[PDB]
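Below is one structure; the comments refer to it alone.
Number of protein chains: 2
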Amino acid sequence: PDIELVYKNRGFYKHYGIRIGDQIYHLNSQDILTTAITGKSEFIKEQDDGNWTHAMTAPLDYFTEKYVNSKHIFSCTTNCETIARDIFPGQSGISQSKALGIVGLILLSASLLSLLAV
Amino acid sequence: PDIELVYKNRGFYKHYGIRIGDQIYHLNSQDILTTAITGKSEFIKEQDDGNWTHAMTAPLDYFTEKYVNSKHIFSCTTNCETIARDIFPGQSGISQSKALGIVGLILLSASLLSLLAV
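Chain order of the listed sequences is A and A'. A prime marks a further copy of an entry chain.
Residues 1 to 69, 74 to 122 in PDB author numbering are what the first sequence spells out, letter by letter.
Residues 1 to 69, 74 to 122 in PDB author numbering are what the second sequence spells out, letter by letter.
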């Protein structure tokens, strides 16, 4: 399963997402510094609005090997239950909360490092 | 040349260095956010004071593949001229300024991501 990383440029940083079909998984955040420092994040899964930019496509491993191999916690109210099926298909023994942890760290890390690219 | 990454924990982030023998290359910075956002950094090479913590040892590639593969600029007044010989031995066609760019991004990136580990 090649995974597509996407982003929206918010000028002072890039806000990243994972695009699966016509859906984007991303953090419900307006600023990377606030999210990083407060240490908690809420996930959204949202219809693709057409305003996302491709970053790269790669096996999940390309990302988790960077950003995953931290104390931040990641939650979702509704509609993110599909994340294990979407990003970790076939693999049982992976819960919502865990999958969210892995993908959350990828997105947080990429957004934090984007401070250098402004 | 296996490369040793070291750090000092400043509580709200980790400040990283490369230890070569009894020397530490690191950024002359008191805070990661100030350095990241201002977009410039000064290198120091300092005698090891005995107060650094081992992070990991690995070929430079383990690091550059993460943090290098950005617009930040990296300078040094004196005494860092040894960085190409120390961190990139044998390899000609690598200047002070370049070597500093590669190592600087490793240190900046690791310190930025350490915000997640507090």
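Note that beta-carbon positions come from the ideal geometry of N, C-alpha and C, so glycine has one too.
Quick one: is residue 66 of chain A near chain A', going by C-beta distance under 7 Å? yes
Output yes or no for whether 7 Å exceeds the beta carbon distance between residue 87 of chain A and residue 103 of chain A. yes
Out of A'/6, A'/12, A'/63, A'/117, which one is the CA nearest neighbour of residue 25 of chain A'? A'/6
Between which two residues does the alpha helix (DSSP H) carrying residue 109 of chain A extend? 100–117
Evaluate contact between the stretch 54–69 of chain A and the stretch 34–45 of chain A, counting only Cβ atoms and requiring at least three cross-stretch pairs below 8 Å. no
Helix, strand or coil for residue 7 of chain A? Go by DSSP, reduced to three states. strand
Whole angstroms are fine: how far does the CA of residue 61 of chain A' sit from the CA of residue 113 of chain A'? 15 Å
Within-7 Å CB hit, residue 115 of chain A' to chain A: no
Option nearest residue 100 of chain A by Cα separation, candidates A/46, A/84, A/94, A/19: A/84
Give the single residue among A/98, A/90, A/109, A/79 whose Cα lies nearest to the Cα of residue 20 of chain A. A/90
With 7 Å set as the bound, which would you pick, yes or no: does the beta-carbon of residue 76 of chain A' sit closer than that to a beta-carbon of chain A? yes
Roughly how many angstroms lie between the CA atoms of residue 78 of chain A' and residue 2 of chain A, to the nearest whole one? 36 Å
Interface residues of chain B around residue 37 of chain A' at Cβ under 8 Å? Protein chains A and A' are contained in the structure displayed, whereas chain B is not.
How far does the alpha helix (DSSP H) with residue 120 of chain A in it reach, from first residue to last? Where residue 120 of chain A is concerned, there is no enclosing alpha helix (DSSP H), given that its DSSP letter is neither H nor E.
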